[PDB]
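Accompanying notes for the structure given below.
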Amino acid sequence: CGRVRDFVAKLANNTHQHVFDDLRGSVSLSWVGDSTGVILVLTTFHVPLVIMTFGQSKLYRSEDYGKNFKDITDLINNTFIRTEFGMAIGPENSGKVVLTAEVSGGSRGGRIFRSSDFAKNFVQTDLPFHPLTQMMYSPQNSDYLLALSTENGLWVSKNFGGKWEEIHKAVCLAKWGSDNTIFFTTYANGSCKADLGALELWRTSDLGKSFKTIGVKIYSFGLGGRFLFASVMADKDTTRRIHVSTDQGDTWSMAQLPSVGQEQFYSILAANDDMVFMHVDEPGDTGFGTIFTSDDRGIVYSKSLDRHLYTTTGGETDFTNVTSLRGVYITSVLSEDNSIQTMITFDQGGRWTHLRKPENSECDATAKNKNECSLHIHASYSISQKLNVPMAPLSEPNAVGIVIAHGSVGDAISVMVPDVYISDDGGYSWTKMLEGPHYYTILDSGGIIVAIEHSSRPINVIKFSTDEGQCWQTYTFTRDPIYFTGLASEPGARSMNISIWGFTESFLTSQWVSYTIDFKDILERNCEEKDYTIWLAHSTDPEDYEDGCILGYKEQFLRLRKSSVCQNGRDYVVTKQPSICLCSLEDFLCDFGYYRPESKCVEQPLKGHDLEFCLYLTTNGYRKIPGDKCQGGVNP
Amino acid sequence: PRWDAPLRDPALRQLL
Ligand SMILES: *[C@@H]1O[C@H](CO)[C@@H](O[C@@H]2O[C@H](CO)[C@@H](O[C@@H]3O[C@H](CO)[C@@H](O)[C@H](O)[C@@H]3O)[C@H](O)[C@H]2NC(C)=O)[C@H](O)[C@H]1NC(C)=O
Ligand SMILES: *[C@@H]1O[C@H](CO)[C@@H](O[C@@H]2O[C@H](CO)[C@@H](O[C@@H]3O[C@H](CO)[C@@H](O)[C@H](O)[C@@H]3O)[C@H](O)[C@H]2NC(C)=O)[C@H](O)[C@H]1NC(C)=O
Ligand SMILES: *[C@@H]1O[C@H](CO)[C@@H](O)[C@H](O)[C@H]1NC(C)=O
Ligand SMILES: [Cl-]
Ligand SMILES: [Cl-]
């Protein structure tokens, strides 16, 4: 360990300073498209008084991954941009930026500045309304925009915000579906807060020319992968139930899920083409609830995890899709003793379990036994309680296996200052990566992991690893230390450019600055076929025939070798071959009406929300797990 | 002052 020599030379010329405006202003960063290098930076000075009197927005634009910027404030004339709305960037490489300008007193509608050539040219456009929300793009067409007004009217544009037309008047919530469909709720007599529970859900397939009332007595709605969800109030009651439609609200079916009071809430934790994870808050503001995984129809729900930590009103939950490995999800749970623990599922919420203790760790003060304990992960709740946690867990799909996160090693989540931990196998095994809290980033699909220390002092050092966090080279990137604020790499983790943001120590003033580093010379050579190695995902018992079967299949990957030092590339694709396992009874979840004593699904004599689902239809008592792809073997 | 690098498509949890 410590392999590399003369790396300082290879990074010195590739480090790129850029000073911006002083700390009298506030910076806001936004990327525009993949493989572009196009970053926008909006400096904003505001001294807010009784009315608008002083304020200045400047706009900068890079196109070399943030190494150099050109001032483009002239392209928005001399206009103040409202940060609240932000930089509405279009999907894909559409190159469609839209800013929202402040307007004078008594103006009938607001103003926007909009480019569609990666911020090379903007054009001014006065609106017929004052917008309330940021302008949502349609995913199918980047020229199609919806926006909500300050008078609750839903406006739509076909020509990239050039001309707008009010499709409907009394709109609360609205969002795009597939094929340019617009689902939205609307009120009748009183406002959204008052009419909450007696709203009605509308649909338009043709940009508001035609309409269809797809639901009534609505609390709210949501889109989750293939499914359309709607919370619906029980008539002559304050309770509500979740209803589901797979055909854009033409036909509905009530979900096999409990009804909830007004104190409680449902939450779409995660959703794909296969299934949904649904949180249901336990009544009486207890601060937890219950995860339910759906079937492929989104209708029958198995109870996945009890006592799931989710704070009141929503907002805070530690539920984390580990994107670097299939079927893996980490979250936090409350104990009976009121201590928070971290559970991991490897089979999409079939079985949950504690995380394995890392090799290079002692068990902390929370642990009963000094030698035997588990890993616990800091995420959104830890951050909300103001613990010394600079980042939530990080994983990238293209960096297969890699999960980086802060944590504590014991019987529960500890208030003490955490170290950073890494798994290279999607969270089966763990290791202490770095000592004390850091900010972290994955570059080149795992080829380089980068880390900056979280410090009250200013800093001038960046730690990097070419062998997935086992060995760490330390690089001094500036002679003048900075108070670090954040990192910015290109989304997708395919770049080799990291931008270290912060502000200077106090001289005449303090000023915003970004040191951008390219690692292209550190990984001078591209990776050949010899650099990769065969890796079975989910391996427990290598000698076993069913080893690595999760949702009825295995996956053998071509992972990059740790010792190998090379660029994966931008064009890099995750090479994997699946092995289809034989079906067992474990590959089938129990259909409605059936359960497991012990493991075989057997009918039940029906209480609670089961009885309600039965009353308000035909089955052998088994159904295939959604996304389960086993063939042959057991079959009821 | 303030520093923000927001995500374009942040997967906010839908409530019902
Ligand atoms: C948990 O996270 C993983 C990884 O982010 C999710 O799996 C990914 O799901 C998406 C969409 O369901 C898949 O996207 C695919 O994109 C290609 C085009 O790039 C397209 O050809 C496919 O039709 C599909 O849209 C993607 O395959 C998949 N990623 C991996 C690495 O398997 C997963 O859905 C998340 N879990 C939940 C419950 O949402
Ligand atoms: C890190 O940032 C640098 C710039 O600071 C990026 O450099 C850019 O790299 C690509 C090569 O992949 C160049 O692409 C160009 O493509 C067009 C169309 O095929 C072609 O006409 C050009 O000859 C060229 O190949 C691009 O010019 C280059 N830009 C600059 C300003 O040098 C680099 O992509 C980033 N690294 C990674 C790994 O993302
Ligand atoms: C600036 O706004 C004026 C109208 O107030 C317009 O004539 C001009 O085209 C605008 N320029 C740009 C670059 O948007
Ligand atoms: Cl399985
Ligand atoms: Cl301040």
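Just so it is clear, chain A uses Swiss-Prot numbers, and the residues here are 86-683, 686-692, 694-704, 710-729, in order.
Looking at the header, which is where the method is noted, we find X-ray crystallography, 3.0 Å.
Cβ from N, Cα, C; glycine included.
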Consult Swiss-Prot and report which candidate among A:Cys556, A:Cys612, A:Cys634, A:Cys651 shares a disulfide bond with A:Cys86. A:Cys556
State the disulphide partner of A:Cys634 as given in Swiss-Prot, choosing from A:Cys612, A:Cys651, A:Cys666. A:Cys666
Which residue in the list A:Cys458, A:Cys612, A:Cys702, A:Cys723 does Swiss-Prot annotate as forming a disulfide bond with A:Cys651? A:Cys612
Taking Swiss-Prot as the reference, A:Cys723 is linked by a disulphide to which residue in A:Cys668, A:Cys675, A:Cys688, A:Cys702? A:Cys668
Over the unmodelled segment of 2 residues, figure out how far apart in angstrom the Cα atoms of A:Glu683 and A:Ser686 are, rounded to whole. 5
Counts by DSSP class (helix H/G/I, strand E/B, coil) across the repeat 'BNR 8' (A:506-517): 0 helix, 5 strand, 7 coil
Do you see any of the disulfide-bonded residues A:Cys86, A:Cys257, A:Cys675, A:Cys688, A:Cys723 whose C-alpha is within 10 Å of A:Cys666 (disulfide bond), and which ones? A:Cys723
Mind giving me a neighbour count for A:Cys458 (disulfide bond)? Other Cβ atoms within 10 Å of its Cβ, every protein chain shown. 21
Starting from the Cα of A:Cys688 (disulfide bond), work out which of the disulfide-bonded residues (A:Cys257, A:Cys651, A:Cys668, A:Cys723) are within 10 Å. none
When the Cα-Cα distance from A:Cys86 (disulfide bond) is computed for each of the disulfide-bonded residues A:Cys448, A:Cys612, A:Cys675, which gives the smallest value? A:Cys612
